[PDB]
Structures are given as structure tokens and as C-alpha cells.
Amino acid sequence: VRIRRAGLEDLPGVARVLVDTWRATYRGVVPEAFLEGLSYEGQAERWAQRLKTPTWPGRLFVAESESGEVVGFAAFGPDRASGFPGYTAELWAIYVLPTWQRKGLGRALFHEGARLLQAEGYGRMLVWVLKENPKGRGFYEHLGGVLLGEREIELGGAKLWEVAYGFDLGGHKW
């Protein structure tokens, strides 16, 4: 239903959306061991430390169900040294619980963050997504993202490919 900035009380819910969607989306792509390892508590604490840090440049958003549960979230911030001059912002994470997907929540989250990054003066934003994640890829391609590059990372013990999509913030109306 609605999108808003996250508060500290929203984090336990943010952590569940994160872990549950990671588990549902990366089955057979990211090692089972690693996926089983994710922690609701660990995740909630990590975001909590960030939210509590006054100088943290990250921006957090959550998507609410009709009754108010946190069923989606998105984090935006400065790029994390991706090596693409001209791309100063990055979509750190965006996840919507499987059953709440394809109802416009991801788009709404995306637009809210891009709007804020635009107001903060970032010219362009990129996003990294697993080469083997059709869901996220299809979503970004549909939204206009242009393929920028790729890199191999290692999650769990697995070496995996990741691709980047670029989006224009300046000038565009989000």
C-alpha cells in the first residue's frame, strides 16, 4: 500500500523481509549453507547501528501492507566504489516478500529513493544484481536500467557473477 522512511521499530520486520526474500530468491544460486546462515537478529542489528549513526549517508524505506506490516524495503546511498565514473549513487538493496511482489511495491520503493537521491544531488544511480537473478534483472530492465558492467563476487564459498544497471537521476522525473 504505502511507502515511507524506516524507523528503528521497523527493523525487525525489515530483517525478516530481507532474509526471507533472499532465501526465496537465491535458492540454488547462492549456497544453501549461506542462506540458512542469514540471521533475523544479526540483520536487524546491522541496520540499527547504521540508522543510529548521524553521519551515515544511507536512506531507508519500507513498504507497508494494507494492515501496516512491513512487506518490502529499500536502501539507497552513495555508490560503494563500483568503478563507473558518473555513477555516484547506488541502490544498496531492494526486496519485497514473494507474495507481495508484482503489485507495484518495488516500483514505488524505487521511485521514492531515486527522488530523494535526486534531491540530494546525485546525478546517476547504479545497482548490482546477480547475473542469475531474472526477477531483479527483469525489474531493472523494465524500469529503464542500462547494463553497465559485470564482476565476479564470492558469497558463501561460491564464486558468482554480478551485473550492474545504470539509471539517470538528474533531469528525469521520478
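One rule holds for the numbers: they count along the sequence shown, beginning at 1.
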Please compare 25-33 with 135-143 and name the stretch with the higher mean C-alpha B-factor in the deposited structure. 25-33
Please compare 121-129 with 41-49 and name the stretch with the higher mean C-alpha B-factor in the deposited structure. 41-49
By the record's CA B-factor, is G157 among the lowest, middle or highest third of residues in the chain? highest
Ranked C-alpha temperature factor of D20 among modelled chain residues, by third: lowest
